[PDB]
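Enquirer: Just dropping this structure here.
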Amino acid sequence: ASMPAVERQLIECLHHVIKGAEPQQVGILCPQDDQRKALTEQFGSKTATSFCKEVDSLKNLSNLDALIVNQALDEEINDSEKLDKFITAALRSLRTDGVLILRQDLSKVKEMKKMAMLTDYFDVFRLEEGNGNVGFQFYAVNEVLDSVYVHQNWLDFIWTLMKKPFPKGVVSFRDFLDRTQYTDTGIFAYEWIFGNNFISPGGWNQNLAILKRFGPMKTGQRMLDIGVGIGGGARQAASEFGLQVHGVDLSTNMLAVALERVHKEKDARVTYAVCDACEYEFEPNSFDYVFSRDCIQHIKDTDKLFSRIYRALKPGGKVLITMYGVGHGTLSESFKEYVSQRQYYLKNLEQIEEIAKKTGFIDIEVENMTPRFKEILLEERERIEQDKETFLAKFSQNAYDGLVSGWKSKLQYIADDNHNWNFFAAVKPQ
Ligand SMILES: C[S@@+](CC[C@H](N)C(=O)[O-])C[C@H]1O[C@@H](n2cnc3c(N)ncnc32)[C@H](O)[C@@H]1O
């Protein structure tokens, strides 16, 4: 039971990609006439639109700059053959670089991983076109905000995808995350050691201490959380400080859990989006705070990232980031192999400060929190060693041994001053 606010958001999603351009040819697949007309009125006289009411009709649409599909795939999401027919027809109908905006409510779908499974399917699907392949490039998954605020529904999704050419092996950044470090089994094993809802050292108590280093925060202020993981940090920021928190993560595995949990527990201060924080188009001058907890070691282009954060902060706004970093000790081969397998792009505090100054941040604070990181590992390790019997009731031996040796290994990395745990904070001037 949606309102006109939804259709306006769909067009906003479209404009993240095409910007100020108006699309020459638009297709609309939308079975609900009132929702369909609200969409149509969003376009002006420079746009010609063809729309249809059943998915089989996409074969009749072509040379589209954009295809908007709204609540039309109820059957397809339960039938891979029908889904395949739609994706194929959708790709054929679009020009290269054409945008697909797909809105589908998943709240009546009992499978909680459905959004994640659909996203990989879209990301992986390939269609022969000419002497190569075509497919959809992933941009984002957003929540329909009307659905959150009016219907307490956090599982109403909008995918933003773009048609691109592909060769006829080569893994996207998102898939590396979902297939390697942040798998489901990895997530539940990680959550167990760090603490409920957290994938970062020290769990609830530690995250609260870090949030406090922002200084005074007020109810209703807006925070962007980069690399929100399974949501523990965002949810705590909202419940403890009354912040409105928007969390982003590139890993669908991670966010599936965050989304499931907020959808069940219900807190309208918290929303989530799947996207790459180095690329996604955030609204400028809009956030009071940007927070990132142990995320940015995954991110190569720190320079780009900082300019985007700066851009996104309100003047006078504050950024606070913690991250894995590299120390000033002689790097060991074990540490170097560890970094490559994780694909971390590590920096030291000096480099972070240089970049922050170059970006234009003021009041820069940096801290080496490695001694704290050490206390946490030791404390965490004493817990597992004590609760050995309880772990094997839930997970396998293989997950367990990797934890003991991993914890053993990080301790040596800290000892050699290879591995650091860094704190950075700063403010946007004015
Ligand atoms: C070690 S975890 C931290 C989770 C969260 N900070 C917490 O305390 O529970 C890293 C998270 O950052 C996310 N991440 C890595 N690169 C990202 C990117 N380019 N954009 C958005 N999120 C990213 C990963 O998906 C992962 O979920």
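Chains: A, B, ... in order of the structure tokens. Residues: from 1 per chain. Ligands: from 1, in order shown.
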Contacts of residue 161 (chain A) at 9 Å or less, counting only C-alpha atoms, minus same-chain residues fewer than 2 places along, as an mmCIF file with N, CA and C atoms, in the first residue's frame?
Expert:
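around16.cif, written as the output of this step:
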data_model
loop_
_atom_site.group_PDB
_atom_site.id
_atom_site.type_symbol
_atom_site.label_atom_id
_atom_site.label_comp_id
_atom_site.auth_asym_id
_atom_site.auth_seq_id
_atom_site.Cartn_x
_atom_site.Cartn_y
_atom_site.Cartn_z
ATOM 1 N N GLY A 98 22.552 1.569 -20.222
ATOM 2 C CA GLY A 98 21.183 1.818 -19.816
ATOM 3 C C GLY A 98 20.986 1.323 -18.398
ATOM 4 N N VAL A 99 20.049 1.924 -17.675
ATOM 5 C CA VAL A 99 19.887 1.641 -16.253
ATOM 6 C C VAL A 99 18.603 0.863 -15.993
ATOM 7 N N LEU A 100 18.706 -0.180 -15.181
ATOM 8 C CA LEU A 100 17.532 -0.874 -14.680
ATOM 9 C C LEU A 100 17.279 -0.491 -13.231
ATOM 10 N N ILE A 101 16.081 0.006 -12.959
ATOM 11 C CA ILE A 101 15.652 0.249 -11.592
ATOM 12 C C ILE A 101 14.574 -0.762 -11.253
ATOM 13 N N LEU A 102 14.882 -1.642 -10.313
ATOM 14 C CA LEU A 102 13.985 -2.726 -9.984
ATOM 15 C C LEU A 102 13.574 -2.625 -8.525
ATOM 16 N N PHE A 122 21.777 -11.372 -10.252
ATOM 17 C CA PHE A 122 21.838 -10.258 -11.189
ATOM 18 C C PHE A 122 23.283 -9.952 -11.555
ATOM 19 N N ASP A 123 24.179 -10.063 -10.579
ATOM 20 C CA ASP A 123 25.568 -9.683 -10.798
ATOM 21 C C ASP A 123 26.300 -10.683 -11.694
ATOM 22 N N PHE A 136 24.497 -7.104 -16.080
ATOM 23 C CA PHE A 136 24.239 -5.933 -15.257
ATOM 24 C C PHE A 136 25.398 -5.662 -14.320
ATOM 25 N N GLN A 137 25.853 -4.415 -14.301
ATOM 26 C CA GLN A 137 26.824 -4.000 -13.308
ATOM 27 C C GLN A 137 26.087 -3.525 -12.085
ATOM 28 N N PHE A 138 26.561 -3.959 -10.928
ATOM 29 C CA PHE A 138 25.903 -3.611 -9.690
ATOM 30 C C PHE A 138 26.235 -2.180 -9.289
ATOM 31 N N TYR A 139 25.222 -1.439 -8.859
ATOM 32 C CA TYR A 139 25.439 -0.120 -8.277
ATOM 33 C C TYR A 139 25.036 -0.025 -6.819
ATOM 34 N N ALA A 140 23.787 -0.370 -6.537
ATOM 35 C CA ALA A 140 23.284 -0.300 -5.180
ATOM 36 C C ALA A 140 22.012 -1.103 -4.975
ATOM 37 N N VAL A 141 21.748 -1.413 -3.716
ATOM 38 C CA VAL A 141 20.439 -1.837 -3.271
ATOM 39 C C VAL A 141 20.046 -0.849 -2.183
ATOM 40 N N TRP A 159 16.911 -2.192 -6.503
ATOM 41 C CA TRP A 159 18.233 -2.443 -7.070
ATOM 42 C C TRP A 159 18.492 -1.413 -8.144
ATOM 43 N N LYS A 163 23.506 -1.900 -17.558
ATOM 44 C CA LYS A 163 23.920 -2.843 -18.585
ATOM 45 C C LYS A 163 25.321 -2.501 -19.090
#
Enquirer: Show me which residues line ligand 1, defined as having an atom within 6 Å of a ligand atom where only C-alpha atoms and all ligand atoms count, and present them as a list in words.
Expert: residues 198, 199, 200, 226, 227, 228, 229, 230, 232, 233, 248, 249, 250, 251, 254, 275, 276, 277, 278, 293, 294, 295, 298 and 299 of chain A
Enquirer: Would you save the residues of that selection, restricted to C-alpha atoms, as a compact mmCIF listing (two decimals), in the first residue's frame?
Expert:
# COMPACT_ATOMS: atom_id res chain seq x y z
CA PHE A 198 29.60 -7.02 16.07
CA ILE A 199 32.40 -8.07 13.69
CA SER A 200 34.90 -5.69 15.28
CA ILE A 226 30.64 3.06 6.41
CA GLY A 227 31.12 -0.71 6.53
CA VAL A 228 28.23 -1.20 8.93
CA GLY A 229 28.65 -4.97 8.87
CA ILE A 230 25.81 -6.80 10.62
CA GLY A 232 25.57 -3.70 15.87
CA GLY A 233 27.28 -0.33 15.72
CA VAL A 248 26.28 1.10 4.15
CA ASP A 249 28.13 -2.09 3.34
CA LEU A 250 29.31 -3.66 0.12
CA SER A 251 28.83 -7.19 1.46
CA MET A 254 26.70 -8.87 6.15
CA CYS A 275 26.87 -0.09 -2.03
CA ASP A 276 30.59 0.66 -2.44
CA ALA A 277 31.36 3.70 -0.29
CA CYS A 278 34.09 4.86 -2.70
CA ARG A 293 34.67 0.98 12.33
CA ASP A 294 37.38 -1.34 11.04
CA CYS A 295 36.29 -1.13 7.42
CA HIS A 298 39.55 -3.04 2.42
CA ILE A 299 39.67 0.18 0.44
Enquirer: Residues at most 9 Å from residue 208 (chain A), counting only C-alpha atoms, excluding those fewer than 2 positions away in the same chain, as a PyMOL selection string?
Expert: chain A and resi 203-206+210-212+233+236-237+240
Enquirer: Using N, CA, C and O atoms, can you write the selected residues to a file as a PDB file, in the first residue's frame?
Expert:
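Everything below was put into out.pdb:
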ATOM      1  N   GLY A 203      33.482  -5.833  20.789  1.00  0.00           N
ATOM      2  CA  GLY A 203      32.033  -5.863  20.851  1.00  0.00           C
ATOM      3  C   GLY A 203      31.391  -4.577  21.338  1.00  0.00           C
ATOM      4  O   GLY A 203      31.868  -3.480  21.041  1.00  0.00           O
ATOM      5  N   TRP A 204      30.293  -4.724  22.076  1.00  0.00           N
ATOM      6  CA  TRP A 204      29.428  -3.608  22.463  1.00  0.00           C
ATOM      7  C   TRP A 204      30.143  -2.567  23.304  1.00  0.00           C
ATOM      8  O   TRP A 204      30.070  -1.373  23.013  1.00  0.00           O
ATOM      9  N   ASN A 205      30.832  -3.025  24.342  1.00  0.00           N
ATOM     10  CA  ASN A 205      31.505  -2.127  25.262  1.00  0.00           C
ATOM     11  C   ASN A 205      32.571  -1.291  24.576  1.00  0.00           C
ATOM     12  O   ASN A 205      32.727  -0.105  24.864  1.00  0.00           O
ATOM     13  N   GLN A 206      33.297  -1.906  23.653  1.00  0.00           N
ATOM     14  CA  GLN A 206      34.373  -1.202  22.983  1.00  0.00           C
ATOM     15  C   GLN A 206      33.856  -0.183  21.999  1.00  0.00           C
ATOM     16  O   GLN A 206      34.376   0.926  21.923  1.00  0.00           O
ATOM     17  N   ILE A 210      34.418   4.078  21.696  1.00  0.00           N
ATOM     18  CA  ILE A 210      34.841   4.763  20.483  1.00  0.00           C
ATOM     19  C   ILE A 210      33.837   5.844  20.059  1.00  0.00           C
ATOM     20  O   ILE A 210      34.231   6.947  19.672  1.00  0.00           O
ATOM     21  N   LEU A 211      32.547   5.525  20.130  1.00  0.00           N
ATOM     22  CA  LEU A 211      31.503   6.476  19.752  1.00  0.00           C
ATOM     23  C   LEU A 211      31.591   7.725  20.620  1.00  0.00           C
ATOM     24  O   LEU A 211      31.319   8.845  20.169  1.00  0.00           O
ATOM     25  N   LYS A 212      31.987   7.524  21.871  1.00  0.00           N
ATOM     26  CA  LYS A 212      32.129   8.623  22.809  1.00  0.00           C
ATOM     27  C   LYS A 212      33.237   9.602  22.419  1.00  0.00           C
ATOM     28  O   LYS A 212      33.235  10.756  22.862  1.00  0.00           O
ATOM     29  N   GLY A 233      26.858  -1.691  15.493  1.00  0.00           N
ATOM     30  CA  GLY A 233      27.282  -0.327  15.720  1.00  0.00           C
ATOM     31  C   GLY A 233      26.233   0.717  15.410  1.00  0.00           C
ATOM     32  O   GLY A 233      26.049   1.658  16.189  1.00  0.00           O
ATOM     33  N   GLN A 236      23.368   0.578  17.943  1.00  0.00           N
ATOM     34  CA  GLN A 236      23.811   1.122  19.218  1.00  0.00           C
ATOM     35  C   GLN A 236      23.845   2.644  19.187  1.00  0.00           C
ATOM     36  O   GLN A 236      23.420   3.300  20.143  1.00  0.00           O
ATOM     37  N   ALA A 237      24.331   3.206  18.082  1.00  0.00           N
ATOM     38  CA  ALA A 237      24.328   4.654  17.910  1.00  0.00           C
ATOM     39  C   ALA A 237      22.916   5.225  18.002  1.00  0.00           C
ATOM     40  O   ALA A 237      22.705   6.278  18.607  1.00  0.00           O
ATOM     41  N   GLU A 240      21.459   4.363  21.847  1.00  0.00           N
ATOM     42  CA  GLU A 240      22.185   4.983  22.952  1.00  0.00           C
ATOM     43  C   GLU A 240      22.207   6.505  22.849  1.00  0.00           C
ATOM     44  O   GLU A 240      22.157   7.204  23.867  1.00  0.00           O
TER      45      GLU A 240
END
Enquirer: Pick out the residues sitting within 12 Å of residue 268 (chain A), and hand them over as a JSON list (two decimals) with N, CA and C atoms, in the first residue's frame; count only C-alpha atoms, and ignore anything fewer than 6 positions along from it in its own chain.
Expert:
[["chain", "number", "residue", "atom", "x", "y", "z"],
["A", 145, "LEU", "N", 12.09, 3.93, 1.39],
["A", 145, "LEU", "CA", 12.02, 4.59, 2.68],
["A", 145, "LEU", "C", 10.59, 4.78, 3.17],
["A", 146, "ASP", "N", 9.67, 4.98, 2.23],
["A", 146, "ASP", "CA", 8.26, 5.10, 2.57],
["A", 146, "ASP", "C", 7.82, 3.86, 3.33],
["A", 147, "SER", "N", 8.37, 2.72, 2.92],
["A", 147, "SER", "CA", 7.95, 1.44, 3.48],
["A", 147, "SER", "C", 8.47, 1.28, 4.90],
["A", 148, "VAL", "N", 9.66, 1.82, 5.15],
["A", 148, "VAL", "CA", 10.20, 1.82, 6.50],
["A", 148, "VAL", "C", 9.37, 2.67, 7.44],
["A", 149, "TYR", "N", 9.06, 3.89, 7.00],
["A", 149, "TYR", "CA", 8.48, 4.90, 7.88],
["A", 149, "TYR", "C", 6.98, 4.77, 8.06],
["A", 150, "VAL", "N", 6.31, 4.17, 7.10],
["A", 150, "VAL", "CA", 4.87, 4.08, 7.16],
["A", 150, "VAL", "C", 4.40, 2.68, 7.51],
["A", 151, "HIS", "N", 5.16, 1.68, 7.08],
["A", 151, "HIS", "CA", 4.73, 0.29, 7.22],
["A", 151, "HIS", "C", 5.66, -0.58, 8.04],
["A", 152, "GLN", "N", 6.63, 0.05, 8.69],
["A", 152, "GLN", "CA", 7.64, -0.69, 9.44],
["A", 152, "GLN", "C", 8.23, -1.85, 8.65],
["A", 153, "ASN", "N", 8.54, -1.60, 7.38],
["A", 153, "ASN", "CA", 9.06, -2.62, 6.49],
["A", 153, "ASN", "C", 10.43, -2.21, 5.97],
["A", 154, "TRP", "N", 11.46, -2.94, 6.39],
["A", 154, "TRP", "CA", 12.84, -2.64, 6.02],
["A", 154, "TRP", "C", 13.30, -3.53, 4.88],
["A", 220, "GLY", "N", 18.72, 13.08, 16.98],
["A", 220, "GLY", "CA", 18.22, 13.49, 15.69],
["A", 220, "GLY", "C", 19.31, 13.87, 14.71],
["A", 234, "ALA", "N", 25.56, 0.57, 14.27],
["A", 234, "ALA", "CA", 24.51, 1.51, 13.88],
["A", 234, "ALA", "C", 23.34, 1.49, 14.85],
["A", 235, "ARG", "N", 22.94, 0.28, 15.24],
["A", 235, "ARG", "CA", 21.82, 0.10, 16.15],
["A", 235, "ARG", "C", 22.11, 0.68, 17.53],
["A", 238, "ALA", "N", 21.95, 4.54, 17.40],
["A", 238, "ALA", "CA", 20.57, 4.99, 17.47],
["A", 238, "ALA", "C", 19.99, 4.82, 18.87],
["A", 239, "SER", "N", 20.17, 3.66, 19.48],
["A", 239, "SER", "CA", 19.51, 3.38, 20.75],
["A", 239, "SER", "C", 20.15, 4.14, 21.92],
["A", 242, "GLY", "N", 20.37, 8.33, 20.16],
["A", 242, "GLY", "CA", 19.20, 8.83, 19.46],
["A", 242, "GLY", "C", 19.52, 9.41, 18.10],
["A", 243, "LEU", "N", 20.64, 8.98, 17.53],
["A", 243, "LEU", "CA", 21.06, 9.39, 16.19],
["A", 243, "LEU", "C", 20.22, 8.71, 15.11],
["A", 244, "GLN", "N", 20.04, 9.41, 14.00],
["A", 244, "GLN", "CA", 19.52, 8.78, 12.80],
["A", 244, "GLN", "C", 20.72, 8.26, 12.03],
["A", 245, "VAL", "N", 20.74, 6.96, 11.78],
["A", 245, "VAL", "CA", 21.93, 6.32, 11.26],
["A", 245, "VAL", "C", 21.64, 5.63, 9.96],
["A", 246, "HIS", "N", 22.44, 5.95, 8.95],
["A", 246, "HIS", "CA", 22.35, 5.26, 7.68],
["A", 246, "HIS", "C", 23.64, 4.47, 7.52],
["A", 262, "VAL", "N", 16.99, -5.48, 12.07],
["A", 262, "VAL", "CA", 16.28, -4.22, 12.26],
["A", 262, "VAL", "C", 14.81, -4.34, 11.85]]
Enquirer: Extract, using only C-alpha atoms, all DNA, RNA and protein residues at most 8 Å from region 106-111 of chain A, discarding same-chain residues fewer than 3 positions from it, and format them as an NGL selection string.
Expert: :A and (114-115 or 153-157)
Enquirer: So which bits of region 68-298 of chain A end up strand (DSSP E) when you DSSP the backbone, as JSON, numbers by chain?
Expert: {"A": [68, 69, 70, 94, 95, 96, 97, 98, 99, 100, 101, 102, 103, 104, 105, 127, 128, 129, 132, 133, 134, 135, 136, 137, 138, 139, 140, 141, 142, 143, 156, 157, 158, 159, 160, 161, 162, 163, 164, 165, 166, 222, 223, 224, 225, 226, 244, 245, 246, 247, 248, 249, 270, 271, 272, 273, 274, 275, 287, 288, 289, 290, 291, 292, 293]}
Enquirer: Applying 10 Å and only C-alpha atoms, which residues near residue 73 (chain A) remain after dropping the ones on its own chain fewer than 5 positions away? List them as a ChimeraX atom specification.
Expert: /A:29-30,54-55,78-79,82-83,86,102-105
Enquirer: Could you jot down the CA of residue 23 (chain A) to CA of residue 58 (chain A) separation for me, Å, one decimal place?
Expert: 17.9 Å
Enquirer: So which residues touch residue 392 (chain A) within 12 Å, counting only C-alpha atoms, skipping near sequence neighbours fewer than 6 positions away, as a count of residues only?
Expert: 8
Enquirer: Between A:80, A:370, A:322, A:47, which residue has the minimum interatomic distance to residue 225 (chain A), considering only C-alpha atoms?
Expert: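 Looking only at the distances to residue 225 (chain A), the closest residue turns out to be A:322.
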Enquirer: From a DSSP pass on the backbone, collect the residues of region 6-76 of chain A flagged as alpha helix (DSSP H) and hand them back as JSON, numbers by chain.
Expert: {"A": [6, 7, 8, 9, 10, 11, 12, 13, 14, 15, 16, 17, 18, 33, 34, 35, 36, 37, 38, 39, 40]}
Enquirer: For the selection you just gave me, I'd like the residues written to a file as a PDB file, in the first residue's frame, keeping N, CA, C and O atoms.
Expert:
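This is the output file again-v5.pdb:
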ATOM      1  N   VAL A   6       7.220   6.991  -2.979  1.00  0.00           N
ATOM      2  CA  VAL A   6       8.000   5.848  -3.457  1.00  0.00           C
ATOM      3  C   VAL A   6       8.507   6.040  -4.872  1.00  0.00           C
ATOM      4  O   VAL A   6       9.685   5.813  -5.161  1.00  0.00           O
ATOM      5  N   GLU A   7       7.609   6.466  -5.754  1.00  0.00           N
ATOM      6  CA  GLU A   7       7.951   6.689  -7.153  1.00  0.00           C
ATOM      7  C   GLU A   7       8.987   7.789  -7.308  1.00  0.00           C
ATOM      8  O   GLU A   7       9.860   7.706  -8.168  1.00  0.00           O
ATOM      9  N   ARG A   8       8.912   8.805  -6.456  1.00  0.00           N
ATOM     10  CA  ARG A   8       9.908   9.868  -6.476  1.00  0.00           C
ATOM     11  C   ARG A   8      11.288   9.318  -6.114  1.00  0.00           C
ATOM     12  O   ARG A   8      12.299   9.758  -6.658  1.00  0.00           O
ATOM     13  N   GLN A   9      11.330   8.374  -5.182  1.00  0.00           N
ATOM     14  CA  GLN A   9      12.596   7.761  -4.797  1.00  0.00           C
ATOM     15  C   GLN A   9      13.177   6.909  -5.909  1.00  0.00           C
ATOM     16  O   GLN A   9      14.393   6.884  -6.106  1.00  0.00           O
ATOM     17  N   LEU A  10      12.308   6.237  -6.654  1.00  0.00           N
ATOM     18  CA  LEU A  10      12.755   5.418  -7.771  1.00  0.00           C
ATOM     19  C   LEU A  10      13.474   6.268  -8.792  1.00  0.00           C
ATOM     20  O   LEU A  10      14.520   5.875  -9.306  1.00  0.00           O
ATOM     21  N   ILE A  11      12.936   7.452  -9.059  1.00  0.00           N
ATOM     22  CA  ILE A  11      13.546   8.342 -10.036  1.00  0.00           C
ATOM     23  C   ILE A  11      14.842   8.931  -9.491  1.00  0.00           C
ATOM     24  O   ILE A  11      15.800   9.139 -10.236  1.00  0.00           O
ATOM     25  N   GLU A  12      14.890   9.165  -8.189  1.00  0.00           N
ATOM     26  CA  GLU A  12      16.137   9.584  -7.580  1.00  0.00           C
ATOM     27  C   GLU A  12      17.224   8.525  -7.749  1.00  0.00           C
ATOM     28  O   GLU A  12      18.369   8.849  -8.067  1.00  0.00           O
ATOM     29  N   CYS A  13      16.847   7.259  -7.587  1.00  0.00           N
ATOM     30  CA  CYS A  13      17.779   6.156  -7.790  1.00  0.00           C
ATOM     31  C   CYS A  13      18.331   6.154  -9.210  1.00  0.00           C
ATOM     32  O   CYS A  13      19.516   5.892  -9.431  1.00  0.00           O
ATOM     33  N   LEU A  14      17.452   6.426 -10.168  1.00  0.00           N
ATOM     34  CA  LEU A  14      17.821   6.543 -11.572  1.00  0.00           C
ATOM     35  C   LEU A  14      18.840   7.669 -11.777  1.00  0.00           C
ATOM     36  O   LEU A  14      19.828   7.500 -12.489  1.00  0.00           O
ATOM     37  N   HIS A  15      18.579   8.824 -11.164  1.00  0.00           N
ATOM     38  CA  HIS A  15      19.458   9.988 -11.295  1.00  0.00           C
ATOM     39  C   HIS A  15      20.833   9.873 -10.633  1.00  0.00           C
ATOM     40  O   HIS A  15      21.700  10.709 -10.887  1.00  0.00           O
ATOM     41  N   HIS A  16      21.039   8.880  -9.769  1.00  0.00           N
ATOM     42  CA  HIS A  16      22.396   8.622  -9.284  1.00  0.00           C
ATOM     43  C   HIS A  16      23.285   8.247 -10.458  1.00  0.00           C
ATOM     44  O   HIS A  16      24.470   8.577 -10.481  1.00  0.00           O
ATOM     45  N   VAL A  17      22.715   7.564 -11.441  1.00  0.00           N
ATOM     46  CA  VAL A  17      23.516   7.146 -12.568  1.00  0.00           C
ATOM     47  C   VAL A  17      23.545   8.139 -13.726  1.00  0.00           C
ATOM     48  O   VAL A  17      24.624   8.487 -14.210  1.00  0.00           O
ATOM     49  N   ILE A  18      22.382   8.625 -14.150  1.00  0.00           N
ATOM     50  CA  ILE A  18      22.321   9.486 -15.332  1.00  0.00           C
ATOM     51  C   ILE A  18      22.410  10.984 -15.027  1.00  0.00           C
ATOM     52  O   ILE A  18      22.458  11.816 -15.933  1.00  0.00           O
ATOM     53  N   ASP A  33      -1.839   0.718 -11.633  1.00  0.00           N
ATOM     54  CA  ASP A  33      -2.016   1.899 -12.481  1.00  0.00           C
ATOM     55  C   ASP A  33      -1.709   3.223 -11.787  1.00  0.00           C
ATOM     56  O   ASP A  33      -1.126   4.123 -12.391  1.00  0.00           O
ATOM     57  N   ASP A  34      -2.096   3.348 -10.522  1.00  0.00           N
ATOM     58  CA  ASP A  34      -1.862   4.595  -9.809  1.00  0.00           C
ATOM     59  C   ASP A  34      -0.379   4.837  -9.559  1.00  0.00           C
ATOM     60  O   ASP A  34       0.114   5.956  -9.701  1.00  0.00           O
ATOM     61  N   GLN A  35       0.330   3.776  -9.199  1.00  0.00           N
ATOM     62  CA  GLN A  35       1.774   3.850  -9.059  1.00  0.00           C
ATOM     63  C   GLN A  35       2.430   4.129 -10.415  1.00  0.00           C
ATOM     64  O   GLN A  35       3.391   4.895 -10.509  1.00  0.00           O
ATOM     65  N   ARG A  36       1.903   3.499 -11.464  1.00  0.00           N
ATOM     66  CA  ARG A  36       2.427   3.683 -12.817  1.00  0.00           C
ATOM     67  C   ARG A  36       2.312   5.125 -13.343  1.00  0.00           C
ATOM     68  O   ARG A  36       3.251   5.645 -13.943  1.00  0.00           O
ATOM     69  N   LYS A  37       1.163   5.762 -13.131  1.00  0.00           N
ATOM     70  CA  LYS A  37       0.969   7.151 -13.561  1.00  0.00           C
ATOM     71  C   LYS A  37       1.816   8.156 -12.783  1.00  0.00           C
ATOM     72  O   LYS A  37       2.297   9.135 -13.359  1.00  0.00           O
ATOM     73  N   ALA A  38       2.015   7.901 -11.492  1.00  0.00           N
ATOM     74  CA  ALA A  38       2.895   8.724 -10.662  1.00  0.00           C
ATOM     75  C   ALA A  38       4.316   8.706 -11.208  1.00  0.00           C
ATOM     76  O   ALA A  38       5.027   9.709 -11.139  1.00  0.00           O
ATOM     77  N   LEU A  39       4.739   7.549 -11.709  1.00  0.00           N
ATOM     78  CA  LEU A  39       6.040   7.409 -12.362  1.00  0.00           C
ATOM     79  C   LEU A  39       6.127   8.189 -13.672  1.00  0.00           C
ATOM     80  O   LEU A  39       7.112   8.864 -13.950  1.00  0.00           O
ATOM     81  N   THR A  40       5.079   8.082 -14.477  1.00  0.00           N
ATOM     82  CA  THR A  40       5.031   8.729 -15.778  1.00  0.00           C
ATOM     83  C   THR A  40       5.155  10.242 -15.645  1.00  0.00           C
ATOM     84  O   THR A  40       5.868  10.893 -16.417  1.00  0.00           O
TER      85      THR A  40
END
Enquirer: Rank nothing, just name the residue among A:391, A:194, A:373, A:306 nearest to residue 421 (chain A), using only C-alpha atoms.
Expert: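 Looking only at the distances to residue 421 (chain A), the closest residue turns out to be A:373.
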Enquirer: Would you please work out which residue, of A:417, A:352, A:260, A:305, is nearest to residue 326 (chain A) when using only C-alpha atoms?
Expert: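 So, comparing all the options, the nearest one is A:417.
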